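Report on the following structure.
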There are 2 protein chains.
Amino acid sequence: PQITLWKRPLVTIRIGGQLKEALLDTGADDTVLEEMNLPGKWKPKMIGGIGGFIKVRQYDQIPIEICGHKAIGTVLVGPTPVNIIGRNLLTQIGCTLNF
Amino acid sequence: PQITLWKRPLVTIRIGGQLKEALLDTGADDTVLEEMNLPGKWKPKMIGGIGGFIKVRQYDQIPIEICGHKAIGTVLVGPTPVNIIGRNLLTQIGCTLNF
Ligand SMILES: CC(C)CN(C[C@@H](O)[C@H](Cc1ccccc1)NC(=O)[C@@H]1CN(c2ccccc2O)C(=O)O1)S(=O)(=O)c1ccc2c(c1)OCO2
């Protein structure tokens, strides 16, 4: 697909067995999801942006479907105001910026 | 150009006659640059990121050349961790996401 940027590039993702809406975010190194009680081992991490840092839980090798495209990788879980698909997964679904 | 996402989509911009490096950020509504001087009037504003809210200076109708493509639009100046080109200007230079 081609997604214009007149509005926020929100798309449907699937993780665990939850469908969520998430930003396709070229400015995010990592994928950061709103708080959810995922199974498995995790490690603590702090990630920074505008306003400062938040504490997150790093889960590895989590399968995620993004607009029907399969991905699997690291997902950070914490008190983000928006679900963010970062470059670690955008590359996996073949996403590019074009102009 | 087509820009893949295995690396941060950093580009050179020209603004106020100065060259800077900035991140093409589809997860950002607004363009936010690190502390700098710009001429003309500005308005105090607040924006919210992953870590909380910050104060910024809103400069309107500012010309900015991004990777050789011309935009003229709003630029926010404040304590962002990195210069970010948000959707208000990405749309001007005809940027889309594709996969
Ligand atoms: C600031 C950039 C460099 C990084 N951010 C991604 C942005 O796309 C972010 C994603 C994002 C979007 C919204 C809310 C939180 C985060 N956008 C914004 O902060 C700006 C603020 N804002 C905004 C919000 C409200 C009013 C005016 C505004 O301009 C807006 O529209 O975009 S991030 O969310 O902090 C981030 C994501 C993954 C990461 C990371 C940091 O480190 C490791 O892995």
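Give me a count of the residues in region A:23-50 that are within 28 Å of B:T80 (Cβ to Cβ), among the aliphatic types (A, V, I, L, M) and away from the ligand (no atom under 11 Å from the Cβ).
In the first step, residues of region A:23-50 are kept if they are within 28 Å of B:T80 (Cβ to Cβ); the result is A:23-36, A:43-50.
Okay, now just the ones that are also among the aliphatic types (A, V, I, L, M), so A:23-24, A:28, A:32-33, A:36, A:46-47, A:50.
This time we only want the ones that are away from the ligand (no atom under 11 Å from the Cβ), so: A:36.
The qualifying residues number 1.
Return the residues of region A:63-77 that are under 22 Å from A:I47 (Cβ atoms) and either of a type in the set (F, W, Y) or touching a residue at least 24 places away in the same chain (Cβ under 8 Å) (or both); say none if nothing qualifies. Walk me through how you get there before you give the answer.
Initially, region A:63-77 is screened for residues under 22 Å from A:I47 (Cβ atoms), giving A:63-64, A:66, A:71-77.
If the condition is that a residue be under 22 Å from A:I47 (Cβ atoms) and either of a type in the set (F, W, Y) or touching a residue at least 24 places away in the same chain (Cβ under 8 Å) (or both), then A:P63, A:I64, A:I66, A:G73, A:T74, A:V75, A:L76, A:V77 are the ones that fit.
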Only one of (1) on the phi > 0 side of the Ramachandran plot; (2) touching a residue at least 12 places away in the same chain (Cβ under 8 Å) is not met by B:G52, so which one is it?
-> (2)
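Table: residues versus (1) within 7 Å of another protein chain (Cβ to nearest Cβ); (2) within 11 Å of the chain's Cα centre (by Cα).
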| position | (1), (2) |
| --- | --- |
| A:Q58 | no, no |
| A:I64 | no, yes |
| A:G68 | no, no |
| A:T74 | no, yes |
| A:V77 | no, yes |
| A:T80 | yes, yes |
| A:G86 | no, yes |
| A:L89 | no, yes |
| A:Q92 | no, no |
Considering only residues of region A:14-40 that are charged (D, E, K, R) and touching an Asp or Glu at 6+ places or on another chain (Cβ under 8 Å), which is farthest from B:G48 (Cα to Cα)?
-> A:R14
Among (1) at the interface with another protein chain (Cβ under 9 Å from one of its Cβ atoms); (2) without any contact (Cβ under 8 Å) to a residue 24 or more places away in the chain; (3) within 14 Å of the chain's Cα centre (by Cα), which single condition is B:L19 missing?
-> (1)
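Being within 24 Å of B:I84 (Cβ to Cβ), among the aromatic types (F, W, Y) and more than 14 Å from the ligand (Cβ to nearest atom) narrows it down to one residue among A:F99, A:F53; which is it? Before you say what the answer is, go through the steps one by one.
On the way: A:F53 fails: more than 14 Å from the ligand (Cβ to nearest atom).
Result of the check over A:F99, A:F53: A:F99.
FYI the Cβ positions are ideal-geometry reconstructions off the backbone, even for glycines, and counts take in every protein chain you see. Just so you know, all these numbers are worked out from the coordinates, no wet-lab data involved.
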